[PDB]
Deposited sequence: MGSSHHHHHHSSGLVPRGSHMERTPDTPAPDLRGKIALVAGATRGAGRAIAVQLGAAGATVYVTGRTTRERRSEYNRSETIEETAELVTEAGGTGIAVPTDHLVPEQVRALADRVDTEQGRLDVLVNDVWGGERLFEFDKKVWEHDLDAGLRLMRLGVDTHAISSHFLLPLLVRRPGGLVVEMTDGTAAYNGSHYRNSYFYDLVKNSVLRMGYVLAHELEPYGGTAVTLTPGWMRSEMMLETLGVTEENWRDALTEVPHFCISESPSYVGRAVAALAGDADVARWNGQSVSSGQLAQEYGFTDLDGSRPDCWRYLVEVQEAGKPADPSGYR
């Protein structure tokens, strides 16, 4: 397990989902984790901060509207003020049938938030060599390169975030910084679980409803992937790359909480898209 004691991390959008689990596993590795989000006081950013500390780290919730630049500027001044450093930064319809106002808003919320974040927080990170940026997305470059993702606006956002890691990787290298774009697999998120009417303790009950859900992973999986990167002294070998939680589980050797290693994106192509029946053998 990575020893991240003394490290300063910030997870933008950590109220729920991968962001919370990422912040929590960073705290479990011993880091101080700034966690941001709009929903305040549990399904709150404060609850996220409390989970980071409970895990053995220090979680500091900073409520932020990441589309409001002055709020992200204030966020960046705060980490500098309190810490003086930042080691890890974590960020059915045709196009003409889709609702246009929603699609444009989706692209602004999914892309502009990352750009505003990098503009204000990257100066502190490149202040010393060794900083790491992880841009979170849905899918790998290899998968998204040959697959349309759900909708026009969704697809554009997720592939923009893929490019953001390549772009930042070129901008950060002269400072000794690293940027990657990371995706989870099929997450057993709090939202996903309630949608299937199950708890984490009894998640395979849903396999009758969704048989291919047998490849799913807990949110802590991609959280341990980030911790492995932030603890990697030669993490710069990944600079500019698109990576997945399952790919990094094979490289670093961590497991999900249940000890398995789901490999979602190979399963989707070789089994599910291949017309084969749901069968996790050899994929977790």
{"item": "Gaps in the model (deposited sequence, numbered from 1)", "value": "1 to 28, 70 to 77, 128 to 138"}
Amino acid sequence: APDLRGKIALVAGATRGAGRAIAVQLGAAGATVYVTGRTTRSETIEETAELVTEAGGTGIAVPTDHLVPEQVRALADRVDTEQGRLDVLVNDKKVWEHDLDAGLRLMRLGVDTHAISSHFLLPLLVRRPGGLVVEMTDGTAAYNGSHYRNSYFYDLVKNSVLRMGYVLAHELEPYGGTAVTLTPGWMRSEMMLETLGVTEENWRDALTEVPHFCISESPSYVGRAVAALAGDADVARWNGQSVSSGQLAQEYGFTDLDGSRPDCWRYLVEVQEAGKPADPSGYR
From here on, numbers count along this sequence of modelled residues.
query: 30 to 38 versus 226 to 234 - which carries the larger mean C-alpha B factor in the record; finding: 30 to 38
query: Per the entry, higher mean C-alpha B factor between 188 to 196 and 71 to 79; finding: 188 to 196
query: Among 120, 153, 203, 166 - the residue whose C-alpha B-factor is largest in the record; finding: 203
query: Among 114, 98, 149, 212 - the residue whose C-alpha B-factor is largest in the record; finding: 149
query: Relative C-alpha B-factor of residue 46, binned into the chain's lowest, middle or highest third; finding: highest
query: Residue 258 CA temperature factor, ranked by third within the chain; finding: middle
query: Chain third (lowest, middle, highest) by recorded CA B-factor, residue given as residue 177; finding: middle
query: Chain thirds of CA B-factor: placement of residue 18; finding: lowest
query: Entry-reported Cα temperature factor of residue 183, expressed as the chain third it lands in; finding: middle
